[PDB]
Amino acid sequence: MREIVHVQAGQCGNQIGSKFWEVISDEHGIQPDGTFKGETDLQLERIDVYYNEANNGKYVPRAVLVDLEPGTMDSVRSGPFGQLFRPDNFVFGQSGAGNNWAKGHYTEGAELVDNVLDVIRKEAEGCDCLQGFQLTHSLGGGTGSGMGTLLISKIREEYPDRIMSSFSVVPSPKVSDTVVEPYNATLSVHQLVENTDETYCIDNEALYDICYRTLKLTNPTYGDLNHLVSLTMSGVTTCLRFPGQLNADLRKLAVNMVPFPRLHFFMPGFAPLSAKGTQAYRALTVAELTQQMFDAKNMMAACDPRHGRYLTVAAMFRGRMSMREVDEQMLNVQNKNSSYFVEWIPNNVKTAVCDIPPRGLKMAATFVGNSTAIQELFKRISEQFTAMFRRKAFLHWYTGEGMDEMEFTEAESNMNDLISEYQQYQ
Amino acid sequence: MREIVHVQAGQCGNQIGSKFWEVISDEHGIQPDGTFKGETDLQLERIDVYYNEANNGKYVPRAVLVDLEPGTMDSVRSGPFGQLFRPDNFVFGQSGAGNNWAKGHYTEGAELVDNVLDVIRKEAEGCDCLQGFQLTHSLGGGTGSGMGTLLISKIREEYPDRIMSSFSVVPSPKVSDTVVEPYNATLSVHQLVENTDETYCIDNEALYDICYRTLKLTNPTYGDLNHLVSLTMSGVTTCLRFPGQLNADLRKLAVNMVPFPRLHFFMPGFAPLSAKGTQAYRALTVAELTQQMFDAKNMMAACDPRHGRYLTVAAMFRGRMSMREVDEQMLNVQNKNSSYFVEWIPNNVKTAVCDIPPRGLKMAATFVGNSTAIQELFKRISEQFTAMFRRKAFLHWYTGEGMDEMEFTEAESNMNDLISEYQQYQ
Amino acid sequence: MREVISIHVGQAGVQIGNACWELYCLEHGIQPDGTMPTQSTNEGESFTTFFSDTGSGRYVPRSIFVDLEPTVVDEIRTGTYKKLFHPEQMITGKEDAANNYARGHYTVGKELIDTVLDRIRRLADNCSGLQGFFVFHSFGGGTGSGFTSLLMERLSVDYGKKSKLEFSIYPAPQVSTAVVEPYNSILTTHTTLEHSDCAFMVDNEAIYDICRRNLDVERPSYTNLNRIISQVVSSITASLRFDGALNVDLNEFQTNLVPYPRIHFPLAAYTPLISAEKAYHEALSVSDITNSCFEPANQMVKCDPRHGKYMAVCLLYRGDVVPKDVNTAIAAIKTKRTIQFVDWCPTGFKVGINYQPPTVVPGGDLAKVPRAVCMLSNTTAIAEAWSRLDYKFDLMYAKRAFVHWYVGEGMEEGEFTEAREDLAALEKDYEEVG
Ligand SMILES: Nc1nc2c(ncn2[C@@H]2O[C@H](COP(=O)(O)OP(=O)(O)OP(=O)(O)O)[C@@H](O)[C@H]2O)c(=O)[nH]1
Ligand SMILES: Nc1nc2c(ncn2[C@@H]2O[C@H](COP(=O)(O)OP(=O)(O)O)[C@@H](O)[C@H]2O)c(=O)[nH]1
Ligand SMILES: Nc1nc2c(ncn2[C@@H]2O[C@H](COP(=O)(O)OP(=O)(O)O)[C@@H](O)[C@H]2O)c(=O)[nH]1
């Protein structure tokens with residue numbers, strides 16, 4: 001009915017979903033063969049939203065897997081849950097972006113965009129009414145930040161109506177990951193502020209600080225860092241997949257939060273988060289799960305929450321909970337932290353409660369916030385972007401591909417107007 | 001009752017049926033001895049249409065095997081299902097055409113035409129009322145395109161009433177197969193537009209493109225390419241051999257399609273077509289089998305279906321199906337593709353549904369279409385035919401046999417009037 | 001059934017036939033004494049085109065050995081292959097012609113031409129499917145030119161419509177032996193245009209280039225050169241001796257490859273033709289050796305194929321070859337532009353694939369390779385090979401050197417003049433059609 005495809009592009013977003021589909025497989029009781037083994041039909045009555053059942057119940061995920069090389073194809077294919085994906089969707093090229101935007105946008109990405117465009121068309125023809133798209137890619141690299149950038153510019157020609165979830169990792173102030181990382185940011189966000197509806201700026205740096213303090217894990221496996229990205233995304237779409245006392249789709253999560261057609265740059269949060277041995281020694285109350293959500297520890301990005309203001313507080317609570325204690329404490333945070341909110345927007349808390357917790361807990365909280373300290377995310381990169389344009393370095397990897405110099409400065413003016421709009425109401 | 005002989009002439013059509021009779025043997029439960037082993041009598045109640053039972057149930061196929069040399073005789077005879085054919089019909093000469101039309105028509109074919117003419121007479125004397133003939137030969141080579149050409153010019157003297165199925169391969173634009181291949185085309189079609197009722201222009205080139213993408217087969221055996229020709233022909237005559245909710249003989253397939261006594265040049269199509277491992281991952285719905293039928297992939301000839309217009313759409317569906325979903329989607333293609341049809345002919349879909357699928361599937365679709373992009377098949381050969389007549393090359397292989405120069409130009413004028421008639425209504 | 005007769009005229013007819021019939025005994029499993037072993041009956045599938053049956057499996061070759069000199073014929077009547085051939089099929093001469101036309105066209109030939117045409121007719125009356133003739137000859141021989149032109153002058157009167165095939169050696173413009181070879185090559189081209197369906201040419205040097213580089217044979221002689229030519233002979237017969245999916249008979253070869261009845265002289269090529277070690281470090285695919293067909297280090301006549309214009313290129317493959325990459329590689333040849341055609345013939349291609357791979361000679365220098373191509377390419381590089389020989393003939397004719405042998409043997413000197421105007425318009429027609 002309400003149907004959503006999930007598209008992965010670039011080496012980052014290809015392996016995020018590879019652990020993320022597993023939880024979606026396990027929350028609904030299916031197998032790598034797609035065999036339904038859920039005991040209660042609560043895991044079946046909304047199985048259709050991410051799946052297209054065909055020929056005796058082998059559910060295929062509504063997923064598209066795109067790469068510029070066959071390197072990341074076989075690793076997902078031979079890896080865990082490799083037999084579940086449809087081999088019709090395994091569309092790829094033979095180039096590799098080499099961390100170059102105009103290769104991923106103009107040169108090499110312009111060839112492979114036509115093949116999956118019909119694949120976007122094909123699964124959307126077999127449904128009654130689409131709902132919106134979710135997209136995992138990168139903003140630091142070259143493949144996902146160059147090819148997935150152009151894909152959103154052609155979804156609006158097909159479907160100018162629905163919503164666009166563009167989940168992508170962002171640079172950190174501490175240690176840069178790639179050399180052209182400020183180049184891959186300003187040129188991407190130039191297209192992200194044009195035709196997208198939400199981005200979740202997840203820092204790679206602060207995810208270790210989550211794991212170093214709460215999880216206390218000395219050996220961060222990349223399966224485990226995306227596992228904390230996995231449980232964040234499954235809590236967002238819990239209303240469309242499970243009943244409860246209050247349901248809230250992705251459009252209701254959209255319409256409650258974004259106040260102006262640019263300011264939709266949100267950071268996520270999740271509670272509870274701790275190691276193994278601290279299970280019994282703390283309390284599973286509404287009050288203990290409340291104050292964890294509003295700490296700098298729970299900030300998945302490396303921005304300071306007491307250097308901004310919460311505009312729209314989204315509380316997606318999961319589990320059998322008492323509504324009044326939710327109604328109690330969401331009042332109590334504004335009686336404590338009235339400076340920490342925007343002042344002219346009253347009643348900043350939006351609450352959606354499904355009565356089903358995720359697997360592994362008894363009561364959880366999925367937070368998405370809007371701090372105006374995310375203005376500093378675009379303050380720090382606009383200087384690093386203009387750190388190398390003043391010396392015109394690496395121009396022969398872009399103009400040699402055929403990039404305009406004004407393409408930098410047009411993005412550079414719209415980058416600096418963006419932080420003026422957080423400044424408008426702060 | 002309604003009785004049909006099948007005649008093979010030339011090296012092409014002799015080995016097409018050699019795999020095609022096997023499926024006809026296997027769809028009705030018989031053996032190379034002709035021993036009926038069908039469990040249900042549904043495989044027996046219309047066994048008579050292609051067979052003449054004699055002396056304890058050894059069914060002989062109503063087949064005539066003609067060659068100009070004994071080379072292709074023993075290979076079919078010693079090969080698979082060699083004991084099934086009647087040795088009365090093994091009529092052949094000792095020449096070989098050498099890819100020469102006037103040898104196959106005037107010089108050598110004029111000798112062997114008298115022997116099988118009585119064989120055409122003999123099996124037609126032992127029946128109550130004949131129905132029509134089916135003929136497999138070539139248009140590129142010399143034997144079938146020279147001898148089987150003249151055979152149709154003498155069937156009308158015996159039977160000016162019934163229908164004539166002349167299935168033959170056609171040249172491709174990419175790579176020519178023989179040197180006198182444009183000579184064997186214009187001189188044959190000169191006689192094909194005179195006294196024939198249907199030709200199926202099957203390209204040798206596009207059959208690999210079917211196998212390379214759907215079947216993914218790296219090693220195309222010539223048993224396998226004719227196997228896709230075999231399943232096409234068996235789906236056409238499924239009404240005369242099996243019951244159902246709507247029966248449609250070869251004359252009903254004739255009268256619904258051909259609008260004018262020249263335009264009967266149809267290309268076939270078949271769905272489903274894929275490799276082994278993609279069985280469960282797709283859907284066996286009416287909607288999935290619909291859109292495969294109207295792709296350039298399913299075009300067995302190498303002509304572009306969006307460069308023409310479908311005049312008469314023949315949907316021969318095989319299997320237990322829901323009639324309304326057939327009634328649903330055949331409306332829906334014209335609501336999508338109204339430019340892809342001829343405009344002044346309303347309701348371009350003809351539907352015939354037998355409730356029996358072929359062996360190996362659960363639901364299949366046998367398509368025969370009339371695109372006016374088949375005009376380009378006679379555009380490309382009329383230039384290659386007039387590529388060598390302008391230099392008068394190879395004239396000493398035809399005038400040395402005794403061919404007229406006006407025999408070229410009379411065919412050349414009627415070749416160019418043929419593409420004017422597709423142009424009349426496009 | 002179909003039955004083909006071979007005729008061997010001249011010393012080049014002798015030892016090339018001593019290799020081809022030697023090779024066919026391997027490819028059908030026939031022992032050289034004359035009978036067959038019973039194991040090779042299943043291999044012996046439609047071998048009837050060359051071998052009559054006698055008594056109990058004893059298989060005489062339908063072959064005629066014609067020579068004016070009894071010396072090299074006695075080599076056949078000394079070795080193991082003596083008891084294979086028929087004695088009255090061997091007709092010998094006594095007095096030699098010594099590379100002279102009228103000594104081989106009138107003198108010793110006219111005492112022996114009536115004996116051999118009976119032996120033609122004695123053997124050919126068994127045929128109900130008589131296809132063609134394997135006549136092997138030279139261009140400078142006395143019986144290589146003088147008797148060969150007279151022999152084809154008489155069989156066209158007898159049989160006519162039935163086909164013919166000529167194999168011969170192109171005389172090299174630099175390295176060749178007999179000084180009268182520019183004379184006799186003009187003479188054997190004079191009246192054999194009308195009396196020959198097709199005639200093939202190979203160079204001594206163009207064999208040597210692959211022998212030294214790829215075979216790595218730095219001592220070759222007329223032993224191993226007969227084996228290499230015989231593989232080209234055997235690959236044509238593989239379309240007839242076996243059961244293939246898409247094969248071709250001898251009437252069909254001339255129908256495709258003769259665009260005009262005068263220009264009917266293509267040449268041959270064979271690949272992969274390497275030693276036994278270099279095939280180990282290499283996986284020879286279809287696109288490997290088919291692209292190796294059209295490079296000038298692979299032609300069997302030393303000339304310029306890039307300065308020639310291809311008109312009708314014929315391809316016969318052997319071994320287990322799929323037709324998909326065949327339909328790709330010939331198209332991939334067309335993706336390259338150096339292969340030049342004429343403007344009126346894009347459709348000059350021939351497709352032939354046989355199941356049987358070529359089997360190599362025992363104790364030879366070759367390697368067992370499944371894939372092989374016998375390339376036939378009629379081109380306008382033959383015209384450039386005409387001008388190199390028309391330069392040799394006229395200047396020695398102008399001083400009238402060596403005329404005093406041609407005079408008294410029953411021969412006229414104006415026949416030299418008429419062949420000059422005959423060969424002048426011939427090489428013109430390559431440029432006229434082209
Ligand atoms: N490579 C090779 N060439 C040969 C062989 N035998 C003859 N030839 C060629 O034949 C040409 C001359 O013809 P000959 O064979 O010498 O004389 P003929 O054909 O027997 O004619 P007669 O003069 O009547 O004896 C020479 O230029 C040789 O190149 C051979 O065994 N191997
Ligand atoms: N958690 C996690 N992050 C990853 C993994 N692989 C890549 N990334 C992140 O992806 C970003 C690099 O983008 P990437 O897709 O690899 O570059 P691209 O292929 O050129 O687009 C880095 O900031 C990494 O932190 C992984 O396995 N786990
Ligand atoms: N698919 C397929 N096509 C064939 C086969 N044999 C011949 N053909 C086709 O038949 C055409 C040649 O006609 P053919 O009958 O062999 O020549 P003819 O005997 O002189 O009439 C060519 O275009 C081939 O593509 C086969 O085994 N399989």
# chains A, B, ... in the order shown; residues from 1 in each chain; ligands from 1

call {"tool": "select_by_dssp", "arguments": {"residues": "stretch 229-305 of chain B", "states": "strand (DSSP E)", "output": "number ranges by chain"}}
result
B: 265-271

call {"tool": "write_last_selection", "arguments": {"atoms": "C-alpha atoms", "output": "CSV table (one decimal), in the first residue's frame"}}
result
chain,number,residue,atom,x,y,z
B,265,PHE,CA,4.7,-10.4,-42.0
B,266,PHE,CA,4.5,-10.9,-38.3
B,267,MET,CA,7.1,-11.3,-35.5
B,268,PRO,CA,6.6,-13.7,-32.6
B,269,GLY,CA,7.2,-13.3,-28.9
B,270,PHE,CA,7.3,-15.5,-25.9
B,271,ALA,CA,7.2,-15.0,-22.1

call {"tool": "residues_around", "arguments": {"residues": "residue C:31", "least_positions_apart": "2", "cutoff": "12 Å", "atoms": "only C-alpha atoms", "output": "PDB file with N, CA and C atoms, in the first residue's frame"}}
result
ATOM      1  N   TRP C  21      47.299 -37.514 -48.693  1.00  0.00           N
ATOM      2  CA  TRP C  21      46.762 -38.860 -48.539  1.00  0.00           C
ATOM      3  C   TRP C  21      47.384 -39.569 -47.345  1.00  0.00           C
ATOM      4  N   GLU C  22      48.589 -39.158 -46.950  1.00  0.00           N
ATOM      5  CA  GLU C  22      49.162 -39.619 -45.690  1.00  0.00           C
ATOM      6  C   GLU C  22      48.377 -39.084 -44.502  1.00  0.00           C
ATOM      7  N   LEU C  23      47.939 -37.826 -44.580  1.00  0.00           N
ATOM      8  CA  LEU C  23      47.197 -37.218 -43.481  1.00  0.00           C
ATOM      9  C   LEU C  23      45.799 -37.805 -43.350  1.00  0.00           C
ATOM     10  N   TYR C  24      45.173 -38.164 -44.472  1.00  0.00           N
ATOM     11  CA  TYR C  24      43.798 -38.647 -44.435  1.00  0.00           C
ATOM     12  C   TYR C  24      43.712 -40.047 -43.848  1.00  0.00           C
ATOM     13  N   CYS C  25      44.783 -40.834 -43.979  1.00  0.00           N
ATOM     14  CA  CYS C  25      44.875 -42.120 -43.299  1.00  0.00           C
ATOM     15  C   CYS C  25      44.878 -41.971 -41.787  1.00  0.00           C
ATOM     16  N   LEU C  26      45.354 -40.837 -41.275  1.00  0.00           N
ATOM     17  CA  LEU C  26      45.274 -40.586 -39.844  1.00  0.00           C
ATOM     18  C   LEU C  26      43.876 -40.138 -39.437  1.00  0.00           C
ATOM     19  N   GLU C  27      43.258 -39.258 -40.225  1.00  0.00           N
ATOM     20  CA  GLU C  27      41.988 -38.668 -39.822  1.00  0.00           C
ATOM     21  C   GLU C  27      40.792 -39.582 -40.051  1.00  0.00           C
ATOM     22  N   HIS C  28      40.978 -40.734 -40.692  1.00  0.00           N
ATOM     23  CA  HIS C  28      39.927 -41.735 -40.787  1.00  0.00           C
ATOM     24  C   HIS C  28      40.302 -43.057 -40.133  1.00  0.00           C
ATOM     25  N   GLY C  29      41.547 -43.220 -39.701  1.00  0.00           N
ATOM     26  CA  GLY C  29      41.956 -44.451 -39.051  1.00  0.00           C
ATOM     27  C   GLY C  29      42.218 -45.593 -40.008  1.00  0.00           C
ATOM     28  N   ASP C  33      48.734 -49.973 -45.383  1.00  0.00           N
ATOM     29  CA  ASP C  33      48.903 -51.143 -46.237  1.00  0.00           C
ATOM     30  C   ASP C  33      47.760 -51.283 -47.232  1.00  0.00           C
ATOM     31  N   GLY C  34      46.570 -50.805 -46.879  1.00  0.00           N
ATOM     32  CA  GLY C  34      45.450 -50.830 -47.797  1.00  0.00           C
ATOM     33  C   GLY C  34      44.128 -51.176 -47.146  1.00  0.00           C
ATOM     34  N   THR C  35      44.172 -51.929 -46.055  1.00  0.00           N
ATOM     35  CA  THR C  35      42.980 -52.329 -45.323  1.00  0.00           C
ATOM     36  C   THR C  35      42.791 -51.414 -44.120  1.00  0.00           C
ATOM     37  N   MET C  36      41.675 -51.604 -43.424  1.00  0.00           N
ATOM     38  CA  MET C  36      41.375 -50.803 -42.252  1.00  0.00           C
ATOM     39  C   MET C  36      41.331 -51.686 -41.015  1.00  0.00           C
ATOM     40  N   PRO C  37      41.675 -51.141 -39.855  1.00  0.00           N
ATOM     41  CA  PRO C  37      41.363 -51.823 -38.600  1.00  0.00           C
ATOM     42  C   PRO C  37      39.901 -51.618 -38.232  1.00  0.00           C
ATOM     43  N   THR C  38      39.342 -52.628 -37.563  1.00  0.00           N
ATOM     44  CA  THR C  38      37.920 -52.638 -37.235  1.00  0.00           C
ATOM     45  C   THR C  38      37.542 -51.635 -36.151  1.00  0.00           C
ATOM     46  N   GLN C  39      38.519 -51.045 -35.460  1.00  0.00           N
ATOM     47  CA  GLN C  39      38.212 -50.034 -34.456  1.00  0.00           C
ATOM     48  C   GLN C  39      37.774 -48.721 -35.092  1.00  0.00           C
ATOM     49  N   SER C  40      38.237 -48.433 -36.311  1.00  0.00           N
ATOM     50  CA  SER C  40      37.995 -47.150 -36.962  1.00  0.00           C
ATOM     51  C   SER C  40      36.795 -47.177 -37.901  1.00  0.00           C
ATOM     52  N   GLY C  57      37.078 -54.239 -46.885  1.00  0.00           N
ATOM     53  CA  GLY C  57      37.543 -52.964 -46.372  1.00  0.00           C
ATOM     54  C   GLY C  57      38.767 -52.365 -47.034  1.00  0.00           C
ATOM     55  N   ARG C  58      39.238 -52.914 -48.148  1.00  0.00           N
ATOM     56  CA  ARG C  58      40.477 -52.455 -48.748  1.00  0.00           C
ATOM     57  C   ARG C  58      40.181 -51.231 -49.599  1.00  0.00           C
ATOM     58  N   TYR C  59      40.828 -50.121 -49.269  1.00  0.00           N
ATOM     59  CA  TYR C  59      40.379 -48.803 -49.698  1.00  0.00           C
ATOM     60  C   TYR C  59      41.422 -48.187 -50.612  1.00  0.00           C
ATOM     61  N   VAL C  60      41.172 -48.243 -51.914  1.00  0.00           N
ATOM     62  CA  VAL C  60      42.054 -47.590 -52.873  1.00  0.00           C
ATOM     63  C   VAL C  60      41.705 -46.108 -52.915  1.00  0.00           C
ATOM     64  N   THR C  80      56.207 -47.240 -47.550  1.00  0.00           N
ATOM     65  CA  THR C  80      55.081 -47.969 -46.975  1.00  0.00           C
ATOM     66  C   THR C  80      53.796 -47.750 -47.766  1.00  0.00           C
ATOM     67  N   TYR C  81      53.663 -46.598 -48.427  1.00  0.00           N
ATOM     68  CA  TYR C  81      52.460 -46.238 -49.168  1.00  0.00           C
ATOM     69  C   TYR C  81      52.458 -46.781 -50.594  1.00  0.00           C
ATOM     70  N   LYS C  83      51.592 -50.153 -51.349  1.00  0.00           N
ATOM     71  CA  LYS C  83      50.467 -51.068 -51.460  1.00  0.00           C
ATOM     72  C   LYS C  83      49.117 -50.383 -51.291  1.00  0.00           C
ATOM     73  N   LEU C  84      49.093 -49.101 -50.932  1.00  0.00           N
ATOM     74  CA  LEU C  84      47.823 -48.401 -50.792  1.00  0.00           C
ATOM     75  C   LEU C  84      47.240 -48.015 -52.145  1.00  0.00           C
TER      76      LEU C  84
END

call {"tool": "interface_residues", "arguments": {"of": "chain A", "to": "chain B", "cutoff": "9 Å", "atoms": "only C-alpha atoms", "output": "ChimeraX atom specification"}}
result
/A:52-60,84-88,126

call {"tool": "write_last_selection", "arguments": {"atoms": "C-alpha atoms", "output": "short mmCIF file (atom, residue, chain, number, x, y, z; two decimals), in the first residue's frame"}}
result
data_model
loop_
_atom_site.label_atom_id
_atom_site.label_comp_id
_atom_site.auth_asym_id
_atom_site.auth_seq_id
_atom_site.Cartn_x
_atom_site.Cartn_y
_atom_site.Cartn_z
CA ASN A 52 7.30 -7.80 -2.60
CA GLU A 53 6.21 -11.39 -2.00
CA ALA A 54 6.41 -13.61 -5.07
CA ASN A 55 6.08 -17.37 -5.66
CA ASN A 56 5.64 -19.14 -2.27
CA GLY A 57 6.70 -16.54 0.22
CA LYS A 58 10.36 -15.84 -0.52
CA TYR A 59 10.12 -12.16 0.37
CA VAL A 60 12.55 -9.97 -1.53
CA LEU A 84 17.78 -12.69 0.17
CA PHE A 85 18.40 -9.97 -2.42
CA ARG A 86 16.99 -10.06 -5.94
CA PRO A 87 19.72 -10.51 -8.59
CA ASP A 88 17.75 -8.31 -11.01
CA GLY A 126 3.75 -2.55 -9.46
#

call {"tool": "interface_residues", "arguments": {"of": "chain C", "to": "chain B", "cutoff": "9 Å", "atoms": "only C-alpha atoms", "output": "PyMOL selection string"}}
result
chain C and resi 1-2+128-129+131+243+245-246+248-261+312+321-324+327-328+330-331+343-351+433

call {"tool": "closest_residue", "arguments": {"among": "C:383, C:30, C:284, C:353", "to": "ligand 3", "atoms": "only C-alpha atoms and all ligand atoms"}}
result
C:353

call {"tool": "residues_around", "arguments": {"residues": "stretch 335-348 of chain B", "least_positions_apart": "2", "cutoff": "12 Å", "atoms": "only C-alpha atoms", "output": "JSON, numbers by chain"}}
result
{"A": [125], "B": [256, 257, 259, 291, 294, 295, 304, 305, 306, 307, 308, 309, 310, 311, 312, 313, 314, 315, 327, 328, 329, 330, 331, 332, 333, 350, 351, 369, 370, 371, 372, 373, 422, 423, 424, 425, 426]}

call {"tool": "select_by_dssp", "arguments": {"residues": "stretch 86-299 of chain B", "states": "helix (DSSP H, G or I)", "output": "ChimeraX atom specification"}}
result
/B:87-89,101-107,109-125,143-158,181-195,204-215,222-236,238-241,250-255,286-293

call {"tool": "closest_residue", "arguments": {"among": "A:224, A:118, A:410, A:383", "to": "ligand 2", "atoms": "only C-alpha atoms and all ligand atoms"}}
result
A:224

call {"tool": "residues_around", "arguments": {"residues": "residue C:182", "least_positions_apart": "6", "cutoff": "10 Å", "atoms": "only C-alpha atoms", "output": "list in words"}}
result
residues 139, 140, 171, 173, 388, 389, 390, 391, 392, 393, 394, 396 and 397 of chain C

call {"tool": "residues_near_ligand", "arguments": {"ligand": "ligand 1", "cutoff": "8 Å", "atoms": "only C-alpha atoms and all ligand atoms", "output": "MDAnalysis selection string"}}
result
chainID C and resid 9:16 67:69 96:100 103:104 137:147 169 171 176:178 181 204 222 225:226

call {"tool": "atom_distance", "arguments": {"atom1": "atom CA of residue B:6", "atom2": "atom CA of residue B:238"}}
result
15.9 Å

call {"tool": "residues_around", "arguments": {"residues": "residue C:235", "least_positions_apart": "3", "cutoff": "9 Å", "atoms": "only C-alpha atoms", "output": "ChimeraX atom specification"}}
result
/C:230-232,238-239,316-318,358,372-374

call {"tool": "write_last_selection", "arguments": {"atoms": "N, CA, C and O atoms", "output": "short mmCIF file (atom, residue, chain, number, x, y, z; two decimals), in the first residue's frame"}}
result
data_model
loop_
_atom_site.label_atom_id
_atom_site.label_comp_id
_atom_site.auth_asym_id
_atom_site.auth_seq_id
_atom_site.Cartn_x
_atom_site.Cartn_y
_atom_site.Cartn_z
N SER C 230 49.08 -29.28 -46.39
CA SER C 230 48.09 -30.35 -46.29
C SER C 230 47.05 -30.11 -45.20
O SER C 230 45.94 -30.65 -45.29
N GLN C 231 47.38 -29.32 -44.18
CA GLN C 231 46.38 -28.95 -43.19
C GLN C 231 45.34 -28.01 -43.78
O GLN C 231 44.16 -28.07 -43.42
N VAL C 232 45.77 -27.13 -44.69
CA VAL C 232 44.83 -26.27 -45.41
C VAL C 232 43.97 -27.10 -46.35
O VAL C 232 42.78 -26.83 -46.53
N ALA C 238 37.08 -31.19 -44.35
CA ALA C 238 36.36 -31.43 -43.10
C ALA C 238 34.91 -30.98 -43.18
O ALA C 238 34.08 -31.47 -42.40
N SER C 239 34.59 -30.06 -44.09
CA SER C 239 33.20 -29.73 -44.36
C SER C 239 32.46 -30.85 -45.07
O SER C 239 31.22 -30.87 -45.05
N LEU C 316 36.27 -20.87 -42.54
CA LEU C 316 35.90 -22.22 -42.12
C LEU C 316 36.57 -22.51 -40.78
O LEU C 316 37.80 -22.56 -40.70
N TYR C 317 35.76 -22.69 -39.75
CA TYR C 317 36.29 -22.98 -38.42
C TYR C 317 36.23 -24.48 -38.17
O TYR C 317 35.41 -25.19 -38.74
N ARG C 318 37.12 -24.95 -37.31
CA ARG C 318 37.15 -26.34 -36.90
C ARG C 318 37.28 -26.42 -35.39
O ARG C 318 37.89 -25.55 -34.76
N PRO C 358 41.19 -30.03 -35.68
CA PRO C 358 42.26 -30.62 -36.51
C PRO C 358 43.19 -31.48 -35.67
O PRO C 358 43.59 -31.10 -34.57
N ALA C 372 40.87 -23.71 -34.97
CA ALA C 372 41.67 -23.42 -36.15
C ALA C 372 40.80 -22.77 -37.21
O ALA C 372 39.60 -23.03 -37.29
N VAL C 373 41.42 -21.91 -38.02
CA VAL C 373 40.74 -21.17 -39.07
C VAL C 373 41.48 -21.39 -40.38
O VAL C 373 42.71 -21.25 -40.43
N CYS C 374 40.74 -21.73 -41.43
CA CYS C 374 41.27 -21.74 -42.79
C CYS C 374 40.71 -20.51 -43.50
O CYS C 374 39.60 -20.55 -44.03
#

call {"tool": "closest_residue", "arguments": {"among": "A:150, A:225, A:202, A:127", "to": "ligand 2", "atoms": "only C-alpha atoms and all ligand atoms"}}
result
A:225

call {"tool": "closest_residue", "arguments": {"among": "B:16, B:275, B:258, B:210", "to": "ligand 3", "atoms": "only C-alpha atoms and all ligand atoms"}}
result
B:16

call {"tool": "atom_distance", "arguments": {"atom1": "atom CA of residue A:28", "atom2": "atom CA of residue A:61"}}
result
12.4 Å

call {"tool": "atom_distance", "arguments": {"atom1": "atom CA of residue C:401", "atom2": "atom CA of residue C:105"}}
result
20.6 Å

call {"tool": "closest_residue", "arguments": {"among": "C:354, C:214, C:49, C:291", "to": "ligand 3", "atoms": "only C-alpha atoms and all ligand atoms"}}
result
C:354

call {"tool": "closest_residue", "arguments": {"among": "A:37, A:216, A:227, A:379", "to": "ligand 2", "atoms": "only C-alpha atoms and all ligand atoms"}}
result
A:227

call {"tool": "residues_around", "arguments": {"residues": "residue A:152", "least_positions_apart": "2", "cutoff": "12 Å", "atoms": "only C-alpha atoms", "output": "PyMOL selection string"}}
result
chain A and resi 7+9+105+113+117+120+132-137+144-150+154-160+162-166+188-189+191-197

call {"tool": "decode", "arguments": {"residues": "stretch 330-345 of chain C", "atoms": "C-alpha atoms", "output": "mmCIF file, in the first residue's frame"}}
result
data_model
loop_
_atom_site.group_PDB
_atom_site.id
_atom_site.type_symbol
_atom_site.label_atom_id
_atom_site.label_comp_id
_atom_site.auth_asym_id
_atom_site.auth_seq_id
_atom_site.Cartn_x
_atom_site.Cartn_y
_atom_site.Cartn_z
ATOM 1 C CA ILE C 330 33.486 -10.847 -37.285
ATOM 2 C CA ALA C 331 31.449 -7.853 -36.150
ATOM 3 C CA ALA C 332 34.478 -6.847 -34.056
ATOM 4 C CA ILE C 333 36.530 -7.047 -37.254
ATOM 5 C CA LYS C 334 33.999 -4.607 -38.713
ATOM 6 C CA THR C 335 34.557 -2.323 -35.713
ATOM 7 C CA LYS C 336 38.111 -1.990 -37.007
ATOM 8 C CA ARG C 337 38.434 0.078 -40.172
ATOM 9 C CA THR C 338 41.735 -1.144 -41.657
ATOM 10 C CA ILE C 339 39.898 -4.095 -43.229
ATOM 11 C CA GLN C 340 38.796 -2.361 -46.429
ATOM 12 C CA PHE C 341 35.948 -3.625 -48.573
ATOM 13 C CA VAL C 342 34.593 -2.506 -51.905
ATOM 14 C CA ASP C 343 31.620 -0.127 -51.869
ATOM 15 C CA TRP C 344 29.236 -2.643 -53.431
ATOM 16 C CA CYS C 345 29.953 -5.738 -51.281
#
